[PDB]
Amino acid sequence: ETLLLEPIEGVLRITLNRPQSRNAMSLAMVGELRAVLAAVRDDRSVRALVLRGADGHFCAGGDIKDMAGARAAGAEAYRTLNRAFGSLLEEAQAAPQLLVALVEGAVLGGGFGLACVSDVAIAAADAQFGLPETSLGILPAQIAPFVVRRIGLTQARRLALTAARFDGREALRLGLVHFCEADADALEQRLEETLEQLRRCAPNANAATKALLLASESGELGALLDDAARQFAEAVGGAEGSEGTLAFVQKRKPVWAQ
């Protein structure tokens, strides 16, 4: 495998583990990230995924050798390979779980895309972010809509057309990540606090809320509200909602937060 899975309680830790290449995205880790996501998709015991790069780097891009190797197969193999990386962005973005990305060192090209589809991104102040693609003659093609949705067209355009590079303090200022920490100790503390907040929140409740936020663009407003109101009733009447509102009234923690 190219990942290292450490399932603890309802938190699944996923480390990108090719430190030689700064955990660059080989073709297979795309396959292997997509299958883990697919494996936990319906699993409400899996409450949160934590995404980290091994050895001080999140992800420096798509793997050099594999992409070199790909020419032998031709441009139609680049399409469906590219699109399959697109599908990882869709499936990671739509993951019912809370996706925390812990980002240090290099966060470039497709590593940057991956950061764009997290619910929570925690950055090391000296991490370096960027979209090299066009200086290399090529396209941040699958990332494009996800960076727009991340930081807004105004910052995405500049970053993509000038290949500008920047640190975690700047990725924070640009609304690309939620937190920026000085060193490792403070990353983890930030990470553990984030996981304690998450523990307060119900997993079916989180999944449906998420789907609503994601859908809230598409998307005529009135119809979205009609449907949201149905989903709200369903949640109130289900096992999670009755426990959670009962817990509130009885001034206790709900089951999932014990």
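Throughout, we count residues from 1 along the sequence that is shown.
Judged by mean Cα B factor in the deposited record, 47 to 55 ranks above the other of 47 to 55 and 198 to 206. Two stretches are in play, 114 to 122 and 162 to 170, and the higher mean C-alpha B-factor belongs to 162 to 170.
Of the candidates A101, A72, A92, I143, it is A72 whose Cα B-factor is highest according to the PDB record. Of the candidates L191, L212, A39, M67, the PDB record gives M67 the highest C-alpha temperature factor. Annotation for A24: C-alpha temperature factor in the highest third relative to the rest of the modelled chain, per the entry. Among all modelled residues in its chain, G31 ranks in the middle third by Cα B-factor.
In this PDB entry, the Cα temperature factor of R157 sits in the middle third of its chain's modelled residues. For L187, the recorded CA B-factor ranks within the highest third of the chain. Only modelled residues enter the ranking. Split the chain's modelled residues into thirds by C-alpha temperature factor. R79 is in the highest one.
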